[PDB]
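Engineer: This is the structure I want to talk about, given as structure tokens.
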Amino acid sequence: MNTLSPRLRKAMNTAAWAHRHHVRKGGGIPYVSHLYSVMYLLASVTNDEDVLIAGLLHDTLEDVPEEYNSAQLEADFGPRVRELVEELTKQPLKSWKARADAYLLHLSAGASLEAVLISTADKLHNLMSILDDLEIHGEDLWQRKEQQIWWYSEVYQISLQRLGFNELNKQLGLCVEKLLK
Amino acid sequence: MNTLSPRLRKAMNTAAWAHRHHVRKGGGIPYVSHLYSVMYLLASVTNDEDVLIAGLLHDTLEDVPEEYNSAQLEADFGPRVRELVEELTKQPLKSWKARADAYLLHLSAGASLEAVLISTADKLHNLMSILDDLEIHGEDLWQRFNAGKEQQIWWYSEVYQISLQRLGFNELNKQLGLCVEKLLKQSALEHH
Ligand SMILES: [Mn+2]
Ligand SMILES: [Mn+2]
């Protein structure tokens, strides 16, 4: 388990600050709940502090670049973290399917092993959150499923193909299995 | 390392929610960064999920009681979590030293080992935060810190001695001891 270094504490503070007005979809929960959860999931599988920090910051460029842009990211955490985060910042294609296929194509071929690990943690927590929401609110949550089953199934297979079996894609599989049931 | 369970996820969201507009003193950093840092620290030393949850929620009753009270803490996370968080409550004395004396007395005997551990993670992250600010803003923050550095050194070194006596050299006490000596070197470098 990585120790809480000055650099890691700075990333934790930056993630909270940059997303301070950012909310998880469907409620009022501050978005940093998700970022911290992704970092926590990554800490069980890597020693790479750059990977933990890019986990904390992997949505900043996409979702709050008015608060924290790529230049600031690099000046605070260096070029490697900025490249990891930029691997995961997906371009604005119009069609959902098109964006999904483009993410999945990149994930299977171009993305670094480090990027695939973060993406596994990212998608795992998102699916964990979906399952929590379904249990709390019920089958009507979908109006806000078969597409989602395909999406997380595809992420799970690509994660296995690129990384082999590990603690993160293990849990993603368990979540996909519940989702299928 | 504990898995991220539905209950731990709910604690994570609850801590971020209750403190959503709470900011750490001296800056603009949302307070939840302290809470998750404390939980991450606790996750390196215990597998007790109630302790991780109490770590996430340990400042709710004190700092944002209008957002989240003890009845709700118990409804959401059960009586053991609520008891753990309430173990850290302060005496209602205007005097900082009197409150500090009472809290240390409690930590040394009456507090559960679990509450000592949570308090250790809390004090450790707070001292780490002080040291971070001293290294990045040593320009003028040391001016503000000089007048109370004696209080700070006493406070953190006393918490450290009690934590060590009750818990031994776990990972958090190894780090806390170091941070206390680092605080001393910072006082030393400024006297030199
Ligand atoms: Mn994400
Ligand atoms: Mn605290």
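Chain identifiers are assigned as A, B, and so on, following the order in which chains appear in the structure tokens; residues are numbered from 1 within each chain, and ligands are numbered from 1 in order of appearance.
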Do you know which residues are within 8 Å of ligand 2 using only C-alpha atoms and all ligand atoms? Can you write them as a list in words?
Structural biologist: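 Taking only C-alpha atoms and all ligand atoms into account, the residues around ligand 2 at most 8 Å away are residues 34, 35, 38, 58, 59, 119, 122, 123 and 126 of chain B.
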Engineer: If you count only C-alpha atoms and all ligand atoms, which residues end up within 12 Å of ligand 1, as a PDB file with N, CA and C atoms, in the first residue's frame?
Structural biologist:
ATOM      1  N   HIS A  19     -13.029  19.673  -8.411  1.00  0.00           N
ATOM      2  CA  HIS A  19     -14.376  19.145  -8.586  1.00  0.00           C
ATOM      3  C   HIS A  19     -15.352  19.612  -7.509  1.00  0.00           C
ATOM      4  N   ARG A  24     -22.014  14.056  -8.879  1.00  0.00           N
ATOM      5  CA  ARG A  24     -22.344  12.797  -9.544  1.00  0.00           C
ATOM      6  C   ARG A  24     -23.746  12.875 -10.133  1.00  0.00           C
ATOM      7  N   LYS A  25     -23.915  12.323 -11.331  1.00  0.00           N
ATOM      8  CA  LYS A  25     -25.225  12.390 -11.989  1.00  0.00           C
ATOM      9  C   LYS A  25     -26.324  11.735 -11.166  1.00  0.00           C
ATOM     10  N   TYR A  31     -18.606  15.002  -6.763  1.00  0.00           N
ATOM     11  CA  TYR A  31     -17.970  14.068  -7.683  1.00  0.00           C
ATOM     12  C   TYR A  31     -16.683  13.472  -7.131  1.00  0.00           C
ATOM     13  N   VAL A  32     -16.002  14.173  -6.221  1.00  0.00           N
ATOM     14  CA  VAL A  32     -14.739  13.646  -5.692  1.00  0.00           C
ATOM     15  C   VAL A  32     -14.938  12.296  -4.999  1.00  0.00           C
ATOM     16  N   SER A  33     -16.173  11.987  -4.571  1.00  0.00           N
ATOM     17  CA  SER A  33     -16.472  10.642  -4.068  1.00  0.00           C
ATOM     18  C   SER A  33     -16.023   9.577  -5.058  1.00  0.00           C
ATOM     19  N   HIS A  34     -16.299   9.799  -6.340  1.00  0.00           N
ATOM     20  CA  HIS A  34     -15.887   8.866  -7.387  1.00  0.00           C
ATOM     21  C   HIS A  34     -14.365   8.851  -7.565  1.00  0.00           C
ATOM     22  N   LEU A  35     -13.725  10.022  -7.577  1.00  0.00           N
ATOM     23  CA  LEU A  35     -12.279  10.084  -7.819  1.00  0.00           C
ATOM     24  C   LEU A  35     -11.505   9.389  -6.705  1.00  0.00           C
ATOM     25  N   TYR A  36     -11.895   9.669  -5.462  1.00  0.00           N
ATOM     26  CA  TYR A  36     -11.290   9.027  -4.300  1.00  0.00           C
ATOM     27  C   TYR A  36     -11.512   7.522  -4.325  1.00  0.00           C
ATOM     28  N   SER A  37     -12.709   7.087  -4.731  1.00  0.00           N
ATOM     29  CA  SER A  37     -12.998   5.655  -4.854  1.00  0.00           C
ATOM     30  C   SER A  37     -12.109   5.009  -5.913  1.00  0.00           C
ATOM     31  N   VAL A  38     -11.870   5.701  -7.020  1.00  0.00           N
ATOM     32  CA  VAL A  38     -11.007   5.122  -8.056  1.00  0.00           C
ATOM     33  C   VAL A  38      -9.580   5.006  -7.550  1.00  0.00           C
ATOM     34  N   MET A  39      -9.102   6.038  -6.844  1.00  0.00           N
ATOM     35  CA  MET A  39      -7.760   5.957  -6.279  1.00  0.00           C
ATOM     36  C   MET A  39      -7.638   4.813  -5.299  1.00  0.00           C
ATOM     37  N   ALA A  54      -2.995   9.971 -11.396  1.00  0.00           N
ATOM     38  CA  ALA A  54      -3.817  10.079 -12.604  1.00  0.00           C
ATOM     39  C   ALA A  54      -5.211   9.519 -12.362  1.00  0.00           C
ATOM     40  N   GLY A  55      -5.318   8.498 -11.503  1.00  0.00           N
ATOM     41  CA  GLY A  55      -6.637   8.042 -11.066  1.00  0.00           C
ATOM     42  C   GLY A  55      -7.453   9.138 -10.400  1.00  0.00           C
ATOM     43  N   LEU A  56      -6.833   9.884  -9.478  1.00  0.00           N
ATOM     44  CA  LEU A  56      -7.548  10.970  -8.810  1.00  0.00           C
ATOM     45  C   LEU A  56      -7.981  12.028  -9.797  1.00  0.00           C
ATOM     46  N   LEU A  57      -7.187  12.259 -10.846  1.00  0.00           N
ATOM     47  CA  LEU A  57      -7.380  13.391 -11.745  1.00  0.00           C
ATOM     48  C   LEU A  57      -7.904  13.000 -13.122  1.00  0.00           C
ATOM     49  N   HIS A  58      -8.362  11.761 -13.307  1.00  0.00           N
ATOM     50  CA  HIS A  58      -8.614  11.284 -14.669  1.00  0.00           C
ATOM     51  C   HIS A  58      -9.820  11.925 -15.324  1.00  0.00           C
ATOM     52  N   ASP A  59     -10.680  12.588 -14.564  1.00  0.00           N
ATOM     53  CA  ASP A  59     -11.814  13.290 -15.139  1.00  0.00           C
ATOM     54  C   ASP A  59     -11.666  14.805 -15.137  1.00  0.00           C
ATOM     55  N   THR A  60     -10.547  15.357 -14.652  1.00  0.00           N
ATOM     56  CA  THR A  60     -10.467  16.815 -14.536  1.00  0.00           C
ATOM     57  C   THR A  60     -10.497  17.481 -15.899  1.00  0.00           C
ATOM     58  N   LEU A  61      -9.704  16.969 -16.844  1.00  0.00           N
ATOM     59  CA  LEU A  61      -9.608  17.605 -18.149  1.00  0.00           C
ATOM     60  C   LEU A  61     -10.934  17.521 -18.885  1.00  0.00           C
ATOM     61  N   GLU A  62     -11.642  16.404 -18.735  1.00  0.00           N
ATOM     62  CA  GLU A  62     -12.916  16.247 -19.424  1.00  0.00           C
ATOM     63  C   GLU A  62     -14.017  17.090 -18.795  1.00  0.00           C
ATOM     64  N   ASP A  63     -14.080  17.146 -17.464  1.00  0.00           N
ATOM     65  CA  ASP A  63     -15.265  17.650 -16.782  1.00  0.00           C
ATOM     66  C   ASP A  63     -15.101  19.014 -16.138  1.00  0.00           C
ATOM     67  N   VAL A  85      -3.442  10.957 -17.903  1.00  0.00           N
ATOM     68  CA  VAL A  85      -4.768  11.572 -17.897  1.00  0.00           C
ATOM     69  C   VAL A  85      -5.228  11.849 -19.320  1.00  0.00           C
ATOM     70  N   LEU A  88      -6.879   9.012 -21.232  1.00  0.00           N
ATOM     71  CA  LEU A  88      -8.223   8.679 -20.778  1.00  0.00           C
ATOM     72  C   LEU A  88      -9.251   9.754 -21.095  1.00  0.00           C
ATOM     73  N   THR A  89      -8.815  10.947 -21.496  1.00  0.00           N
ATOM     74  CA  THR A  89      -9.715  12.022 -21.907  1.00  0.00           C
ATOM     75  C   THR A  89     -10.133  11.758 -23.345  1.00  0.00           C
ATOM     76  N   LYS A  90     -11.388  11.340 -23.536  1.00  0.00           N
ATOM     77  CA  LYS A  90     -11.872  10.933 -24.847  1.00  0.00           C
ATOM     78  C   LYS A  90     -12.497  12.110 -25.585  1.00  0.00           C
ATOM     79  N   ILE A 118      -6.224   2.192 -14.943  1.00  0.00           N
ATOM     80  CA  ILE A 118      -7.067   3.288 -14.452  1.00  0.00           C
ATOM     81  C   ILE A 118      -8.471   3.164 -15.006  1.00  0.00           C
ATOM     82  N   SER A 119      -8.574   2.859 -16.302  1.00  0.00           N
ATOM     83  CA  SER A 119      -9.879   2.750 -16.944  1.00  0.00           C
ATOM     84  C   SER A 119     -10.687   1.614 -16.338  1.00  0.00           C
ATOM     85  N   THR A 120     -10.020   0.502 -16.014  1.00  0.00           N
ATOM     86  CA  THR A 120     -10.669  -0.578 -15.281  1.00  0.00           C
ATOM     87  C   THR A 120     -11.208  -0.093 -13.937  1.00  0.00           C
ATOM     88  N   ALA A 121     -10.388   0.637 -13.163  1.00  0.00           N
ATOM     89  CA  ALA A 121     -10.865   1.183 -11.890  1.00  0.00           C
ATOM     90  C   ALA A 121     -12.029   2.147 -12.103  1.00  0.00           C
ATOM     91  N   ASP A 122     -11.902   3.038 -13.090  1.00  0.00           N
ATOM     92  CA  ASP A 122     -12.961   3.995 -13.399  1.00  0.00           C
ATOM     93  C   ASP A 122     -14.287   3.274 -13.665  1.00  0.00           C
ATOM     94  N   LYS A 123     -14.276   2.326 -14.593  1.00  0.00           N
ATOM     95  CA  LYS A 123     -15.515   1.683 -15.005  1.00  0.00           C
ATOM     96  C   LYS A 123     -16.058   0.802 -13.895  1.00  0.00           C
ATOM     97  N   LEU A 124     -15.169   0.173 -13.119  1.00  0.00           N
ATOM     98  CA  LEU A 124     -15.613  -0.613 -11.976  1.00  0.00           C
ATOM     99  C   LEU A 124     -16.430   0.240 -11.007  1.00  0.00           C
ATOM    100  N   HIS A 125     -15.908   1.410 -10.610  1.00  0.00           N
ATOM    101  CA  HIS A 125     -16.666   2.204  -9.650  1.00  0.00           C
ATOM    102  C   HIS A 125     -17.967   2.715 -10.260  1.00  0.00           C
ATOM    103  N   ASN A 126     -17.954   3.082 -11.544  1.00  0.00           N
ATOM    104  CA  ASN A 126     -19.200   3.512 -12.166  1.00  0.00           C
ATOM    105  C   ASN A 126     -20.252   2.407 -12.117  1.00  0.00           C
ATOM    106  N   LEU A 127     -19.856   1.166 -12.415  1.00  0.00           N
ATOM    107  CA  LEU A 127     -20.798   0.055 -12.351  1.00  0.00           C
ATOM    108  C   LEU A 127     -21.176  -0.267 -10.912  1.00  0.00           C
ATOM    109  N   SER A 129     -21.532   1.970  -8.702  1.00  0.00           N
ATOM    110  CA  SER A 129     -22.526   2.991  -8.388  1.00  0.00           C
ATOM    111  C   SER A 129     -23.869   2.685  -9.045  1.00  0.00           C
TER     112      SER A 129
END
Engineer: DSSP on the backbone, alpha helix (DSSP H) only: what residues of stretch 40-180 of chain A does that give? Format it as an MDAnalysis selection string.
Structural biologist: chainID A and resid 40:43 49:57 60:63 70:88 96:108 113:137 146:163 167:180
Engineer: Specify as an MDAnalysis selection string all residues of chain A found within 8 Å of chain B, counting only C-alpha atoms.
Structural biologist: chainID A and resid 1 4 6 9 12:14 16:17 20 28:30 32:33 36:37 40:41 44 128 132
Engineer: Output C-alpha atoms of each residue in that selection to a file, as an mmCIF file, in the first residue's frame.
Structural biologist:
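Contents of selection_6.cif, as written:
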data_model
loop_
_atom_site.group_PDB
_atom_site.id
_atom_site.type_symbol
_atom_site.label_atom_id
_atom_site.label_comp_id
_atom_site.auth_asym_id
_atom_site.auth_seq_id
_atom_site.Cartn_x
_atom_site.Cartn_y
_atom_site.Cartn_z
ATOM 1 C CA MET A 1 0.000 0.000 0.000
ATOM 2 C CA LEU A 4 0.553 9.213 1.752
ATOM 3 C CA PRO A 6 3.337 15.145 0.000
ATOM 4 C CA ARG A 9 -1.718 14.612 -0.605
ATOM 5 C CA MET A 12 -5.947 14.512 -3.236
ATOM 6 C CA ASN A 13 -6.432 18.181 -2.323
ATOM 7 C CA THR A 14 -6.369 19.229 -6.018
ATOM 8 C CA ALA A 16 -11.330 17.810 -4.263
ATOM 9 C CA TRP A 17 -10.808 21.470 -5.094
ATOM 10 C CA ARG A 20 -15.820 21.117 -5.647
ATOM 11 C CA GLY A 28 -26.223 15.951 -5.057
ATOM 12 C CA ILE A 29 -23.142 13.850 -4.164
ATOM 13 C CA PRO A 30 -19.841 15.685 -4.809
ATOM 14 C CA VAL A 32 -14.739 13.646 -5.692
ATOM 15 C CA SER A 33 -16.472 10.642 -4.068
ATOM 16 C CA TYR A 36 -11.290 9.027 -4.300
ATOM 17 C CA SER A 37 -12.998 5.655 -4.854
ATOM 18 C CA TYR A 40 -8.642 3.574 -3.469
ATOM 19 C CA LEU A 41 -9.320 0.771 -5.958
ATOM 20 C CA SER A 44 -4.822 -2.189 -4.001
ATOM 21 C CA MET A 128 -20.610 -0.295 -8.576
ATOM 22 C CA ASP A 132 -26.099 0.611 -5.688
#
Engineer: Tell me, as a list in words, which residues lie within 8 Å of residue B:54, counting only C-alpha atoms; anything in the same chain fewer than 6 positions away does not count.
Structural biologist: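 Counting only C-alpha atoms, the residues come to residues 81, 82, 84, 85 and 118 of chain B.
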Engineer: I need the residue nearest residue B:24 from this list: B:45, B:107, B:165, B:63. Use only C-alpha atoms for the distance.
Structural biologist: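 Among the listed residues, the smallest separation from residue B:24 belongs to B:63.
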Engineer: Atom CA of residue B:148 to atom CA of residue B:62: how many Å, to one decimal?
Structural biologist: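 Taking atom CA of residue B:148 as the start and atom CA of residue B:62 as the end point, the length is 22.7 Å.
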Engineer: Write out as a ChimeraX atom specification each polymer residue whose atoms come within 12 Å of residue A:144, counting only C-alpha atoms; drop sequence neighbours fewer than 4 positions from it.
Structural biologist: /A:25-27,130,133-134,137-140
Engineer: Skip residue A:162 itself and residues of its chain fewer than 5 positions away, then list as a PyMOL selection string all residues within 12 Å of it, counting only C-alpha atoms.
Structural biologist: chain A and resi 104+106-117+119-120+155-157+169
Engineer: Given the choices B:159, B:73, B:64, B:164, which gets closest to residue B:101 if the distance is worked out from only C-alpha atoms?
Structural biologist: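 Closest candidate: B:159.
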Engineer: Which residues come within 8 Å of residue B:177, counting only C-alpha atoms, excluding same-chain residues fewer than 4 positions away, as an mmCIF file with C-alpha atoms, in the first residue's frame?
Structural biologist:
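What follows is the written file part.cif:
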data_model
loop_
_atom_site.group_PDB
_atom_site.id
_atom_site.type_symbol
_atom_site.label_atom_id
_atom_site.label_comp_id
_atom_site.auth_asym_id
_atom_site.auth_seq_id
_atom_site.Cartn_x
_atom_site.Cartn_y
_atom_site.Cartn_z
ATOM 1 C CA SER B 157 3.995 14.892 20.741
ATOM 2 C CA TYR B 160 2.014 10.489 19.771
ATOM 3 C CA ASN B 173 2.595 5.613 14.858
ATOM 4 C CA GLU B 181 10.364 15.102 14.836
#
